[PDB]
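Okay, so we've got a single protein chain in two different forms coming up as structure tokens, structure 1 first and structure 2 after it.
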Structure 1
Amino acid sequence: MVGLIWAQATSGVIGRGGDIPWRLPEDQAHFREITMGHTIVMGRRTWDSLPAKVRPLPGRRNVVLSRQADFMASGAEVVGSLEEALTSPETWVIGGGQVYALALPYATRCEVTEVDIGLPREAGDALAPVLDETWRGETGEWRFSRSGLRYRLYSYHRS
């Protein structure tokens, strides 16, 4: 089982300038709940964007994809191919744009948080993968964040 987990602006933007273009702390707990105790796979830039205090993410086997066969990532496993990254039965791909695209074909689950923020796609942005009709989804109710942003959760599956 390979799952993808991400948060996106309605527009599809998931990252800009090396960061996430919004604040939504309420998301942190759902992320933690889905990923805890499993192997998590991320691209090298996502690793670098993780704050030093939670790098590596505690309670998870952190796997980092990189084409630098010498890249240093303390507390994480550096692999150079996607096949090497996906050996665990329950693996959650947590980013970024490149890695989500690369892993989508292997995925049977996606936990998506939609953020109701006006943020048009700009050139160079990290973007969320587009789910076609092989996916059957379940949409949650909109909620308000203390940040002021409305957000909801989607759970997608495909056998």
Structure 2
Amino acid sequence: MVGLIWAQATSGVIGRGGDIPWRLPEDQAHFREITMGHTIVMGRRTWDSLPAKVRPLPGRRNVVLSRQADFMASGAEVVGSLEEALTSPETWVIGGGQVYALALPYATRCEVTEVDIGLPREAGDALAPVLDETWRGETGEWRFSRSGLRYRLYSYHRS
């Protein structure tokens, strides 16, 4: 079970300036809920952008993809090929752009959060992985977060 999880604006933007371009505590809780107790897979650059205080993300098997054999990722494990990361009974790829792309052909599930905000793509923006017509699933109802930011959840799957 290889899966991809991400949160995007409507336009497909999932990150800008090194930041998630919105505040959505319901997304963080959603993310935790899907991935808790399973393996998470991230690129080295993504681990590098998490505060030392927060990494590894707790209650989950943290795997970090890197070419550097000497890479220090305390509390996590480091693998040097996509094949080796995607082993466990249930894996969620959590970022970033290179790892999303890399892992796409192996994915049979996506969990997405679409956030109702109009952010036309700009050069440099991190972008959601592109879903083709092989996918099927549920595009859920719009929902107001506590702050009044609107978001909805996709739950898609394939062979």
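Structure 1 provides the reference sequence; residues are numbered from 1 along it. Definition used throughout: the rigid core is the maximal C-alpha set that superposes within 1.5 Å between two forms.
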- Item | CA of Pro51, rigid core aligned, shift of 2 Å or more between structure 1 and structure 2 | yes
- prompt: Does the distance between the two CA positions of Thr10 reach 2 Å or more between structure 1 and structure 2, the core being superposed?
  reply: no
| said: Following rigid core alignment, is the displacement of the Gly148 C-alpha between structure 1 and structure 2 equal to or greater than 2 angstroms? | reply: yes
Expressed in angstrom, the C-alpha movement of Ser81 between structure 1 and structure 2 on a rigid core superposition is 0.9
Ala69: Cα shift between structure 1 and structure 2 after core superposition, Å, came to 2.0
